[PDB]
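Topology and contacts: notes
Okay, here's what each chain looks like letter by letter:
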Amino acid sequence: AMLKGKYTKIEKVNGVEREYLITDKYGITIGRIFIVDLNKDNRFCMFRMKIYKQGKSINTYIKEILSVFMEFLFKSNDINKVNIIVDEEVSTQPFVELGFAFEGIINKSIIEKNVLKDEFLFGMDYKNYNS
Amino acid sequence: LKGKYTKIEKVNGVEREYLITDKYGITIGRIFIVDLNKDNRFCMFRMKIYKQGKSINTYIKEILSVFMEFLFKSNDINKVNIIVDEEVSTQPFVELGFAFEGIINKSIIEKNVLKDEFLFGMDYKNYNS
């Protein structure tokens with residue numbers, strides 16, 4: 001069971017609950033999605049998207065990943081509100097171009113080789129998605 | 001530095017670093033030259049691969065073969081050594097006939113636990129056979 005876009009794939013990680021692997025069509029890992037909060041009564045899903053540090057721009061790919069996964073959450077899972085936590089290093093352009101709101105900045109939630117880094121909090125609701 | 005599926009590009013503005021990407025432009029990892037000695041015709045490098053969710057053996061073998069051709073045929077190197085994190089599958093190195101020359105114990109600290117690195121080697125005679 002997976003999700004397919006033109007250049008990307010999203011698949012559940014075999015051993016692990018709430019973890020999904022993002023790859024390209026040769027099966028090289030782009031990153032991973034981790035479900036952080038899911039509540040069916042609130043129709044609410046919040047996840048963390050890790051993207052490997054890229055040597056080049058992959059904004060078209062990020063846009064696809066987000067588009068693929070949102071379609072899944074909103075249209076195949078009854079979600080009303082989706083939030084996405086991402087390291088501030090990830091390119092914020094794809095999010096803004098797809099219509100996500102910046103809902104906050106989670107300061108100093110990442111420690112990476114001994115420096116604390118910030119995360120962005122993005123949000124989108126069904127109304128937003130479906131307009 | 002081009003194969004079928006992969007490419008290796010010298011990084012601008014840095015010394016001794018190469019970006020490994022696939023044809024789709026997605027980053028596989030990077031090569032860092034650690035020791036180069038033209039009088040010993042010796043080149044040792046570290047190759048970092050992002051943790052892969054699927055086996056990418058075929059792609060890693062291409063990357064290794066492309067880079068070996070570059071060192072042996074266009075940089076007059078006689079001996080190459082490659083340093084890799086233990087979490088890198090050894091399958092590409094063995095399948096290409098690299099010698100397993102050592103294990104560098106506890107040379108990596110990642111999220112606060114010690115990991116080893118493997119040391120692989122190939123000389124020209126091995127490459128050319």
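Residues numbered from 1 in each chain as written, not as in the entry; some residues may be left out. Chains lettered and ligands numbered in written order. Heavy atoms only, no water.

**Description of the overall build of chain B**
Threshold: The helix and strand labels rest on DSSP assignments: H or I over at least four residues marks a helix, E over at least two residues marks a strand, and numbering proceeds from the N terminus. As a reference, a globule follows 2.2 Å times the number of residues to the power 0.38, and the radius of gyration itself is taken over C-alpha atoms. A simple rule labels every residue: compare its accessible area, found with a 1.4 Å probe on the protein chains alone, to the largest value its type can have, and call it buried under 20%, exposed over 50%, or partly exposed in between. For this analysis, residues touch if any pair of their heavy atoms sits within 4.5 Å. Residue burial considers only the protein chains on display, and all accessible areas are found by Shrake-Rupley using a 1.4 Å probe. None of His or the chain ends enter the tally, which takes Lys and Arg as positive and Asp and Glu as negative. The atoms used to mark charge sites are NZ of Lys, CZ of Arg, CG of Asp and CD of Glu.
Looking only at helices and strands, one finds three helices and seven strands in chain B. Written out in order from the N terminus, the α and β elements of chain B read β-β-β-β-α-β-α-β-β-α. For 129 residues, the compact-globule formula gives about 14 Å, and the C-alpha radius of gyration of chain B, at 14 Å, lands near that figure. Projected onto its principal axes, the C-alpha positions of chain B cover 40 × 35 × 35 Å. Burial analysis of chain B (129 residues in total) assigns 47% to the buried set. Here the contacts in chain B between residues at least 6 apart in sequence split such that 47% fall between residues at least 24 apart. On chain B, roughly 7000 Å² of surface is accessible, and the fraction owed to carbon and sulfur atoms is 47%. Taking the 20 positively charged and 18 negatively charged side chains of chain B as two groups, their mean positions are separated by 4 Å.

**Notes on a positive patch on the surface**
Counted only if it meets this: What goes into a patch is any residue over 30% in relative accessible area without a salt bridge, connected to like charges within 9 Å or, for nonpolar side chains (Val, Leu, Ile, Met, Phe, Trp, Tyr), within 5 Å. One speaks of a salt bridge when a side-chain nitrogen belonging to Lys or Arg is within 4 Å of a carboxyl oxygen belonging to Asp or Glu.
Among the surface-exposed residues, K50(A), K53(A), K113(A), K48(B) and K111(B) lie close enough to one another that they form a single positively charged patch. Along the chain, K48(B) falls in strand 4 (residues 42-49).

**Quick notes on the pairing of strand 4 (residues 29-39) of chain A**
All names here are of chain A. To keep things clear, this is the line we draw: A pair of strands is labelled paired if DSSP reports no fewer than 2 bridges between them.
As paired elements, strand 3 (residues 19-24) and strand 4 share five bridges and run antiparallel to each other. When the bridges of strand 4 are listed, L21 appears paired with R32. Between the end of strand 3 and the start of strand 4, which pair antiparallel, lie four residues, with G27 showing a positive phi angle near 80°. Alignment of strand 4 against strand 5 (residues 44-51), held across eight bridges, turns out to be antiparallel.

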